[PDB]
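Next come the chains, spelled out residue by residue.
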Amino acid sequence: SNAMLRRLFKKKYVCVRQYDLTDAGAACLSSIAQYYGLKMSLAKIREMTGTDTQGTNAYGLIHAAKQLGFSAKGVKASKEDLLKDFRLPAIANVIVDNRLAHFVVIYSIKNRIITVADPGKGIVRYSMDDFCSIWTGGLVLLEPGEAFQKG
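Residues numbered from 1 in each chain as written, not as in the entry; some residues may be left out. Heavy atoms only, no water.

Deposited coordinates in this entry are attributed by the record to solution NMR.

Quick look at the structure:
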C-alpha cells in the first residue's frame, strides 16, 4: 500500500526568492505561507497584504497573514529577545542600505548565527550583532492557528 503521498517533493524548499526590493514583505510572507503548508504565490500575497513599495509597515503585512491561516502580530523586542521569544519562522522588519524597508524570515538562530530567508539572496547567515544593526525593533510573531488541524 502506497496510499500516502508524503513522498512528493513538490517544492519542499519553501524558501522563495523572487522580485526583491522593498515590497519584499510579500515575498518573505510567501515563504512562511508555504512553510506552514498553506502554499501561496508571491504575486497574490502582495495584493492581499497591500504591501506599499514606499516602505510599507508590517501591520498591513500581518493583515493578510491572519487571513492565510497564521496569526501574525507586529511587536517591538530587544536583541536578546530574538533568542528566547520566537523560535519558529517569523517576519522581521529589517533595514537595508539604511534606507529601504525590507523584510526577512528567521529560520534558525544558534551560536550567535541568525539564519534568515532573504527574498533576494536566499538563505543568508547574519551574525547576532550584525542582524541587530539592520533589524530596528520590528518583529512579527506568527503562529499556525487555523493552519494547524486540532483534535
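This is not the end of the story, as more comes after the structure.
Asker: When you look at the pattern of salt bridges in this model, what are you seeing that I'm missing?
Answerer: Between side chains of opposite charge, a pair can form as their charged atoms come close. This model, assessed by the stated rule, comprises two salt bridges. We note a salt bridge from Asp118 to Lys121, for which the minimum N-O separation is 2.7 Å. For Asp118, a relative accessible area of 2% corresponds to the buried category. (Salt bridge = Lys/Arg side-chain N within 4 Å of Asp/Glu carboxyl O. Buried < 20%, exposed > 50% of the residue type's maximum accessible area, 1.4 Å probe, protein only.)

Asker: When you look at helix α2 (residues 42-49) in this model, what are you seeing that I'm missing?
Answerer: Residue pairs spaced three or four apart in an α-helix point in one direction, given the helix's 3.6 residues per turn. Looking only at α2, the buried set comprises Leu42, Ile45 and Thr49. Mapping the buried residues of α2 onto a view down its axis gives an arc of 50°, with all of them on the same face. Contact partners of the buried residues in α2: α1 (24-35) and α3 (58-68). Directly beyond the C-terminal end of α2, a positive phi value near 75° is found at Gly50. (Helix = DSSP H or I, 4+ residues; strand = E, 2+ residues; numbered from the N terminus. Arc of directions from axis to C-beta. Contact = heavy atoms within 4.5 Å.)

Asker: How should I be thinking about the environment of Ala117 in this particular structure?
Answerer: Within the secondary structure, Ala117 sits in strand β4 (residues 113-118). Overall, the relative accessible area of 5% leaves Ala117 in the buried class. The residues touching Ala117, leaving out its near neighbours within four places in the chain, are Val104, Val105, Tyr107, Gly122 and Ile123.

Asker: Which parts of the structure should I look at to understand the side chain of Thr56?
Answerer: By the secondary structure assignment, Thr56 is in the loop between α2 and α3. Within polar-contact distance, the side chain of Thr56 engages the side chain of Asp52 at 2.6 Å. Not counting the four nearest positions on each side in its chain, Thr56 is found in contact with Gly50, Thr51 and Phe103. (Polar contact = N/O pair within 3.5 Å; in protein donor to acceptor, adjacent residues only side chain to side chain.)

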